[PDB]
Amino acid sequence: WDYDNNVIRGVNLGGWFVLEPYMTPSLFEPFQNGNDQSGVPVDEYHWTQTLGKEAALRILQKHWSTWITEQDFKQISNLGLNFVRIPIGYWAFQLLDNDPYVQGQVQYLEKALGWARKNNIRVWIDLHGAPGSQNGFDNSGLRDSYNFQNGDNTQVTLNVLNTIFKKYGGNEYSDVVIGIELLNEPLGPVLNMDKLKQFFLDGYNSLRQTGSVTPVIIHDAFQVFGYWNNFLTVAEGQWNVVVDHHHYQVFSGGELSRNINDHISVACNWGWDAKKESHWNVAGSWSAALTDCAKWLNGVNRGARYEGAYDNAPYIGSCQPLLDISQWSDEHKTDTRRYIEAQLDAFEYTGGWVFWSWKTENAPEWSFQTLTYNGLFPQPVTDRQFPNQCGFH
């Protein structure tokens, strides 16, 4: 890959090797008791623990073998995409004592790399969950815990990274793997940033020490634009480094309350600010969502800010009419199309974009397939119904 001259146009293969309740609610809904959600496991940790090892493995084998297949890769290529990001948890490689997780993801990851190769798709492997959790999000595997930097959890994470480095950072996959992402979304504000930098540095050095020339992807840890400009630099002999920025406008009351024009202005500004940074950078996660209405987006047994039901947000509108794309008003379809196009322009202004996610069971704002089939995501992806909203030059 040429990060100077190529543009990434990709999708995340989320919900596959790390369960996220909002993406596959059918796996969590049987634990509901009527309208009571208090007994629903909140994350993959508690889901596997509640089921036990035998049942968890039986259900996950069926999920892993059907959620994404070779057909999906063919469709991704046919839609003009050139890239996938693949989240995987640490537990696919190593279990802590008393971890409830089951293994077997690796066999499917390796199938996926072969499917990528056959369909001319390039890949980042992304370590999405670290022991103890790096952010307390359910997508780390373990919700509401922040112990990545406590005990030996950082050392275990580095050991898991070494395994990934040796298996997928070498000559065997040099034609497919164009990045190994050390850690998805470490929650900067609650972590020690000096220790997080040391971790990134140790991972960078360990990778290069194996003889690998694979790009190292670091997530921005929710820091301001430009924060990482002076870290892992050419002047210090550190090379092939990419910054992964994630971008949404739905996870606070203030962001949700913006009118469509202000949503677009913010999206354009992501492009202008990313252009100023000194590292190659890619928008590795973003979506079409203008609400947080998708069931369990904020977590199992949590409601939506959009309808004033979480995070002390004021009511903006009812979520029920927005849950099905066939009930969307013409205005909401138009707003969505404008928002998507503005983000695409901003992200192609630097390294490119990776939409979250390829598919969901029934959450249309977060499904590349559903948006494409309904004509809301540009196809071909260069098509514009609202050209030049940002005025880049």
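Don't overthink the numbering: it's just position in the shown sequence, from 1.
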* Residue range whose averaged C-alpha B-factor is higher in the record, 240-248 or 194-202 -> 194-202
* Asked: Taking only the CA atoms, which stretch has the higher mean B-factor in the record, 293-301 or 229-237?
  -> 229-237
* Reading the B-factor column of the entry, which of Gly14, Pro380, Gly10, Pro21 has the highest value at its C-alpha atom? -> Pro380
* Structure fact -> In this crystal structure's PDB entry, the residue among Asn184, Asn139, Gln209, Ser285 with the greatest CA B factor is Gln209
* What third of the chain, by the recorded C-alpha B-factor, contains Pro87? -> lowest
* Structure fact -> Chain thirds by Cα B factor, record data; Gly352 belongs to the lowest
* Asked: In terms of the CA temperature factor given in the entry, to which third of its chain does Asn269 belong: lowest, middle or highest?
  -> middle
* Would you please rank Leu109 by its C-alpha temperature factor against the other modelled residues of its chain and give the third it falls in: lowest, middle or highest? => middle
* Report the third (lowest, middle or highest) to which the CA temperature factor of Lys166 belongs, ranking only the modelled residues of the same chain. => middle
